[PDB]
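A.B. asks: Task: produce atomic coordinates for the following.
(3 chains, ligands or ions: 15)
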Amino acid sequence: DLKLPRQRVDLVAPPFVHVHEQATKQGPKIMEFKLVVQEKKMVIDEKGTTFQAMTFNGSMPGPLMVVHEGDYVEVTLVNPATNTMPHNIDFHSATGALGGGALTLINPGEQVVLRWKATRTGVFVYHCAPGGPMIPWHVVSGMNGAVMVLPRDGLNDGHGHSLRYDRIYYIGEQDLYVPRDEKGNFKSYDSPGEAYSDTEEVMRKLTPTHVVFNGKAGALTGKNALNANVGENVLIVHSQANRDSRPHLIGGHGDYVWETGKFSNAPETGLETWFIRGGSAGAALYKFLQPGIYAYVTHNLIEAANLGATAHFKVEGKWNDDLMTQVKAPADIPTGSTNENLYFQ
Amino acid sequence: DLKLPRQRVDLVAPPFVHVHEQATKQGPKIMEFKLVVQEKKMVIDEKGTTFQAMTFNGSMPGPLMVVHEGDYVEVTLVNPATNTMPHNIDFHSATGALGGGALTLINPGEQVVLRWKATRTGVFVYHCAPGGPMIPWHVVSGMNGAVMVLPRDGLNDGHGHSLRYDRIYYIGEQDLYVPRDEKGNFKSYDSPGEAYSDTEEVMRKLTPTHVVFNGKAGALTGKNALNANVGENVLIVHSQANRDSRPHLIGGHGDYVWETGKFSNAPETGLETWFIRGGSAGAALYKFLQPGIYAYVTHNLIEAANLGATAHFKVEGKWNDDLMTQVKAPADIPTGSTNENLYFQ
Amino acid sequence: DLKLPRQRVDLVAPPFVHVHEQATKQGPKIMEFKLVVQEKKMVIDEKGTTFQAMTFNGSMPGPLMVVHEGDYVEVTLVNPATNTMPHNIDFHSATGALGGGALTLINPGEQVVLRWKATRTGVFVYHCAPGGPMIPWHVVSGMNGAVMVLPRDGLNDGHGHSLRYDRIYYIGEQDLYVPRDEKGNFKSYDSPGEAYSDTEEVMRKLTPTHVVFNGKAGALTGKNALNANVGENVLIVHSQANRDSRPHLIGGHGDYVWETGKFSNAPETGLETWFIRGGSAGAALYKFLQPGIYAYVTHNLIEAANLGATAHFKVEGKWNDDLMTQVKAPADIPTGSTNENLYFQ
Ligand SMILES: OC[C@H]1O[C@@](CO)(O[C@H]2O[C@H](CO)[C@@H](O)[C@H](O)[C@H]2O)[C@@H](O)[C@@H]1O
Ligand SMILES: OC[C@H]1O[C@@](CO)(O[C@H]2O[C@H](CO)[C@@H](O)[C@H](O)[C@H]2O)[C@@H](O)[C@@H]1O
Ligand SMILES: OC[C@H]1O[C@@](CO)(O[C@H]2O[C@H](CO)[C@@H](O)[C@H](O)[C@H]2O)[C@@H](O)[C@@H]1O
Ligand SMILES: OC[C@H]1O[C@@](CO)(O[C@H]2O[C@H](CO)[C@@H](O)[C@H](O)[C@H]2O)[C@@H](O)[C@@H]1O
Ligand SMILES: OC[C@H]1O[C@@](CO)(O[C@H]2O[C@H](CO)[C@@H](O)[C@H](O)[C@H]2O)[C@@H](O)[C@@H]1O
Ligand SMILES: OC[C@H]1O[C@@](CO)(O[C@H]2O[C@H](CO)[C@@H](O)[C@H](O)[C@H]2O)[C@@H](O)[C@@H]1O
Ligand SMILES: O=N[O-]
Ligand SMILES: O=N[O-]
Ligand SMILES: O=N[O-]
Ligand SMILES: [Cu+2]
Ligand SMILES: [Cu+2]
Ligand SMILES: [Cu+2]
Ligand SMILES: [Cu+2]
Ligand SMILES: [Cu+2]
Ligand SMILES: [Cu+2]
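C.D. replies: Residues are numbered from 1 along each chain as shown, chains lettered A, B, ... in the order given. Ligands and ions are numbered 1, 2, ... in the order given. Okay, here it is:
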């Protein structure tokens, strides 16, 4: 008796995002999505450490879903019989039944269909939440993604001006809790159930062993750097389902930032570093002004450099010497400025 | 020579709140409160772990005090002779003398009377702060609560519209640092002074053993779930005197959120998760739209599920299938969608 | 071919700030600064613990630089041949080349000259970032400071009213990771290179051993308390290059707070406690209303009291009994209020 047109969406693997309109003249639709749970061993760092991951659609994070305010979102959640555990889904975008968790619990060999109305604009976390201690364990094993609910007129600056992005990337940040043996080496297991007891002990001390973007250390560096061009406005959606993060674009800014992630609120302008509260998604727009490599980090630099939480942008274009220039390349310290140099000595 | 009418307030135990007006036509009053310090052993988790608590009025958190802008707050602080330590009180709502700490130090067998003018609107932490290392130790032993200073016209949305709550709950979140023996079992002591040295060692590593609402794991679940009804606007005041928190209402939202807690600032709209900075109180309004169980957590889900930080709301009313429905209950995965399902495989 | 007037600035050691105008009728200038790297052993706590620090200009934090929107900032970075490591500088205020890091790498015996345009208003972190794991290690060894880019019309309240400070202080907060031996005693080293391996192990567990203002526990207490007078509007700039903080002025407030630190955004009013995201600077204005000692802390009170993170203000002036008074000094609890006292018993 919901009498609206239906539109299948084909999801794509992060950090990319399925095709969508920003501003739309379409009316409300039933937007149809499918998520398939996959339990699998995955490589999470550059030394080849593995862990028993649980995922939506085989990725950490799960894929970004994009709809408009007033759409209905009809999600088929599938739990293949090759899986070992029950799973469900909780949309922070949705109203009632623990975000849908209380209507989507499925055993291996089952699927369920949930519909929720997109009444709240912004970027939102979705995650598995089967009950009790299994809630944090499924989330920190990788069962979390995000959904974006755009206003039908697209983004604005909170002051009556339209904002349009040229490109969008979804950065899902994952805190991982990998057990170690007595010598400090990471431990391997043959199933998620076998890893559980040792993993819960690490989780209880609230200190991750790894903090990664797109599921592994180095996943968005080198060959898999994020592309952009000088002049492009880029939307960077950042989610963290369990733990705080402080995003920073090294050599850039957040031109417009919704750090609490909700487009009914005006964005902040010109941030250096923003804050994604654990259990949320946020978003930053930036118009690139300079070519070159840009690191995108959480600005706990220990987590960024030593636990896995660095992505790169490779930006093509021409250098602007008015914004920044090397006036003098590295040279020998004269003599002759010794007394000057002071001085604190 | 302060020539105003006096009004006694009788405090009640959290999560409930003493009777008060939102909007008032009363002028400034001297609002009279009494807090009695109680040192006592308390049960803090579902396994019956005890710890040597220090409290205002026998509860963690201490009770919520409610006054209006321009009121004077006259607090009698009592330290019974059955107590073993000195105590005092610091109101983050108050101006001068370290929030009142420097005027309220009392030994067992003494009481003191402090008056502060409510010049700043919002929700604010109060806590004990006797000096030096005793400041964190008294606070993380449970000596903290909150005070709400309402505007005389009540709450508003920052855009000229009145906001009224039907119900108010005060959620005090407490980080606890319980010593363990060599086998990992929690240790018991005969007095707070005996527990101190071992507790300070845990405190120094900044990782709590427990994170609890209303003083213990499970304190606001089951029989003591928070009641509401569909259509009610509920104000949820959240305080944390020592450590950050990220509140989330599972299956709901924050319709209007003052996460820094101060009603001179417009609230944010439609949040999924908000952020209570350690040493502050914040507040969220929500109008319930769906019946059923709602979990209220800090969205570090490890802390929520495994260290004690989950409350429940039980909401009566009729389900709205337009907002959310189970389109198809759990069923067998057909065959026939195998190739479809993809695909990431 | 940049055809503007040049103005040398002489930096001063924090928490003080070089002379500058708030509002200015000067046009854009090339503002010339010099920073000299100094590696040196420094005392970081009241027990005389030492560590192998790395600094800009011999201080933690490095000094505050102040310029106006549209100025060009020309920084000579010097790495004396007595140093052992390469260094560079990344301005979060600057656009391109990793904030300048990619144009300023210098070996001992070298200097480099970088120019960046001050296109973004606010307070911003600067820090060393030589590459890879050396980025967090140089930052948490003390190589970080801040730059303030004022609007040419000075500060405003976001609602068309000018804000002017009488005094400015720069509080740089530093998380330190000092290795311990098997007995728990802090370890000493003859060089930063010798300290590195043991320090990286502490860094990896994300729990600092010390959290200090102006480079050491007690650095802004006693003789070095910050001075003010009743009626003065004081700007308190707070930076943290690697880790979150939650500033609080005990017995005061933040009258106007830019916790994300960027003056294109209206400040929040009347905060109790604010939040400096790791990798950022923020700023709070406060007009002192009461004389006496004020503690300024991070409101993790364990970090404030037990790990080093307390500063003091000593404020001269006359006490205002309307704002706060001790109605009755500590006295014997009567008898006769026993039944009253209740009650929770
Ligand atoms: O009381 C609401 C509670 O029930 C759930 C089932 O988990 O949703 C249902 O609500 C009613 C059952 O008592 C029915 O009217 C409805 O058919 C059903 O979806 C939860 O969503 C909610 O928490
Ligand atoms: O971190 C403890 C200790 O363990 C060792 C191996 O015994 O390294 C492990 O931990 C390192 C830090 O996480 C990893 O780099 C490595 O993959 C892992 O085996 C030691 O090298 C280290 O001292
Ligand atoms: O200098 C203010 C300082 O004193 C206190 C006492 O702890 O308040 C007092 O201030 C004056 C004492 O020098 C008196 O005028 C007043 O009677 C008294 O309350 C503190 O509140 C403050 O930090
Ligand atoms: O956590 C360490 C280790 O200690 C034991 C008892 O030896 O359990 C203790 O710690 C648990 C986690 O906090 C608690 O659930 C329990 O109350 C406590 O005794 C072991 O069971 C555990 O492996
Ligand atoms: O592609 C930009 C990249 O180069 C740097 C050098 O580290 O800046 C340079 O940019 C160009 C070199 O390809 C030149 O036009 C320019 O002379 C030079 O400064 C970085 O700043 C940037 O990341
Ligand atoms: O904290 C561990 C343990 O080590 C000792 C010395 O063995 O103290 C060290 O650690 C203390 C806390 O950081 C410091 O106060 C002191 O400078 C340091 O030597 C013990 O006293 C303590 O139990
Ligand atoms: O400038 N960021 O590390
Ligand atoms: O949806 N919260 O765990
Ligand atoms: O009131 N601050 O600890
Ligand atoms: Cu799951
Ligand atoms: Cu959630
Ligand atoms: Cu006390
Ligand atoms: Cu306080
Ligand atoms: Cu360096
Ligand atoms: Cu940086």
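A.B. asks: burial measure for the closest residue to residue A:8 other than its chain neighbours, as a count.
C.D. replies: Beyond its immediate neighbours in the sequence, the residue positioned closest to residue A:8 (CB to CB, 6 or more residues apart in numbering or on different chains) is residue A:32, lying 4.8 Å away. All C-beta atoms are positioned from the backbone trio N, CA, C, and that covers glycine. Residues contacting residue A:32 under the criterion other CB atoms under 10 Å in any protein chain shown number 16.
A.B. asks: Residue A:32 reaches residue A:7, doesn't it?
C.D. replies: Yes: in this structure, residue A:32 is within contact of residue A:7 by CB atoms under 8 Å, at 6.7 Å.
A.B. asks: In the stretch 1-150 of chain A, mark out all the helices, start to finish.
C.D. replies: Under the criterion DSSP state H, counting those that start in this stretch, helices of the stretch 1-150 of chain A are mapped to A:134-140.
A.B. asks: Which strand residues bridge the residue nearest to residue A:8?
C.D. replies: Following DSSP bridges, residue A:32 is listed with bridge partners residue A:8, residue A:74.
A.B. asks: In contact with it, which residues?
C.D. replies: A:6, A:7, A:8, A:9, A:74, A:76 (CB atoms under 8 Å, 6 or more residues apart in numbering or on different chains).
A.B. asks: Let's see that with 10 Å instead.
C.D. replies: Under the criterion of CB atoms under 10 Å, 6 or more residues apart in numbering or on different chains, the neighbours of residue A:32 are A:6, A:7, A:8, A:9, A:72, A:73, A:74, A:75, A:76, A:113, A:115.
A.B. asks: same thing with residue A:311?
C.D. replies: With contact set as CB under 10 Å, 6+ apart, residue A:311 has these partners: A:15, A:169, A:171, A:173, A:212-214, A:218-221, A:224-226, A:236, A:247, A:249, A:294-297, A:304.
A.B. asks: what residues go with each domain of chain A?
C.D. replies: Domain segmentation of chain A under curated CATH domains yields A:1-151, A:152-318.
A.B. asks: any bit of the first one sitting next to ligand 1?
C.D. replies: Yes: among the residues of domain A:1-151, A:96, A:97, A:102, A:103 lie within reach of ligand 1 under CB under 6 Å from any ligand atom.
A.B. asks: Make JSON lines from the residues you listed and add neighbour count to it.
C.D. replies: As requested, those are exported to JSON lines (neighbours: other CB atoms under 10 Å in any protein chain shown):
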{"residue": "A:96", "neighbour count": "25"}
{"residue": "A:97", "neighbour count": "25"}
{"residue": "A:102", "neighbour count": "19"}
{"residue": "A:103", "neighbour count": "24"}
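A.B. asks: export those residues to JSON lines and tack on distance to residue B:23?
C.D. replies: Converted to JSON lines, those look like this (distance: CB to CB, whole Å):
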{"residue": "A:96", "distance to residue B:23": "31"}
{"residue": "A:97", "distance to residue B:23": "35"}
{"residue": "A:102", "distance to residue B:23": "37"}
{"residue": "A:103", "distance to residue B:23": "40"}
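A.B. asks: For whichever residue of the stretch 101-250 of chain A sits closest to ligand 2, give its distance to residue C:203.
C.D. replies: Among residues of the stretch 101-250 of chain A, the one nearest ligand 2 by CB to the nearest ligand atom turns out to be residue A:184. It sits 2.3 Å away. Between residue A:184 and residue C:203 the distance is 15 Å, computed by CB to CB, to the nearest Å.
A.B. asks: who's more crowded, these two?
C.D. replies: Here residue A:184 and residue C:203 are set side by side on neighbour count (other CB under 10 Å), and the busier one is residue C:203, at 25 against 7.
A.B. asks: Return the residues in contact with that one.
C.D. replies: Contact partners of residue C:203, counting by CB under 10 Å, 6+ apart, are A:301-302, A:305-307, C:133, C:136-137, C:140, C:175-177, C:179, C:196, C:242.
A.B. asks: For burial, what's the neighbour tally of residue A:217?
C.D. replies: Here the neighbour count serves as a burial measure; for residue A:217 (other CB under 10 Å) it reads 21.
A.B. asks: Please report the distance of it from residue B:317.
C.D. replies: Distance from residue A:217 to residue B:317, counting by CB to CB: 48 Å.
A.B. asks: do the same with residue A:56
C.D. replies: When distances are taken as CB to CB, residue A:56 and residue B:317 turn out to be 31 Å apart.
A.B. asks: ditto for residue A:255
C.D. replies: In this structure, residue A:255 lies at 43 Å from residue B:317, with CB to CB as the measure.
A.B. asks: Comparing these two, which residue is more hemmed in?
C.D. replies: residue A:255 (20 against 15).
A.B. asks: just to revisit the earlier point, turn the domains of chain A into JSON lines, including distance to ligand 6.
C.D. replies: Formatted as JSON lines, the domains of chain A follow (distance: least, CB to the nearest ligand atom, whole Å):
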{"stretch": "domain A:1-151", "distance to ligand 6": "29"}
{"stretch": "domain A:152-318", "distance to ligand 6": "17"}
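A.B. asks: closest one to residue B:91 among these?
C.D. replies: Comparing those by their distance to residue B:91 (CB to CB), the top pick is domain A:152-318, with 26.9 Å.
A.B. asks: Contacts (any at all) between ligand 14 and that closest one?
C.D. replies: No: in terms of CB under 5 Å from the ion, no part of domain A:152-318 sits within range of ligand 14; the closest distance is 12.1 Å.
A.B. asks: Could you confirm whether that domain reaches ligand 5?
C.D. replies: Yes: with CB under 6 Å from any ligand atom as the criterion, ligand 5 is reached by domain A:152-318 at A:291, A:292, A:293.
A.B. asks: Among the residues you listed, name the ones in strands.
C.D. replies: The strands in this structure, assigned by DSSP state E, contain A:292, A:293 from the residues of domain A:152-318 next to ligand 5.
A.B. asks: Could you tell me which of the residues of domain A:152-318 next to ligand 5 count as buried?
C.D. replies: Buried residues within the residues of domain A:152-318 next to ligand 5, counting neighbours by 16 or more other CB atoms under 10 Å in any protein chain shown: A:291, A:292.
A.B. asks: Check the gap between the closest residue in space to residue A:162 that isn't next to it in sequence and residue B:293 for me.
C.D. replies: If you skip the residues right next to it in sequence, residue A:162 has residue A:156 as its closest partner in space, 5.8 Å away by CB to CB, 6+ apart. Using CB to CB, one gets 37 Å for the distance from residue A:156 to residue B:293.
A.B. asks: Turn the domains of chain A into a markdown table, including distance to residue C:43.
C.D. replies: Shown next, in a markdown table, are these (distance: least, CB to CB, whole Å):
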| stretch | distance to residue C:43 |
| --- | --- |
| domain A:1-151 | 37 |
| domain A:152-318 | 24 |
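A.B. asks: need the residues of the stretch 201-345 of chain A near chain B, please.
C.D. replies: With CB under 10 Å from any CB of the partner chain as the criterion, the stretch 201-345 of chain A meets chain B at residues A:201-207, A:240-244, A:258-266, A:275-281.
A.B. asks: Now, of those, which are buried?
C.D. replies: Buried residues within those, counting neighbours by 16+ other CB under 10 Å: A:202-204, A:206-207, A:240-244, A:258-263, A:265-266, A:275-281.
A.B. asks: residues contacting residue A:314?
C.D. replies: Remark: with contacts taken as CB under 10 Å, 6+ apart, residue A:314 is in contact with A:222, A:225, A:226, A:227, A:228, A:291, A:292, A:293, A:294.
A.B. asks: Could you give the bridge partners of the fourth one?
C.D. replies: Spelled out, that is residue A:227. For residue A:227, the beta-bridge partners are residue A:314 (DSSP bridges).
A.B. asks: Next: the last one.
C.D. replies: Beta bridges link residue A:294 to residue A:313 when assigned by DSSP bridges.
A.B. asks: ranges for the helices of the stretch 201-345 of chain A?
C.D. replies: Secondary structure of the stretch 201-345 of chain A (DSSP H, counting those that start in this stretch): helices located at A:301-306.
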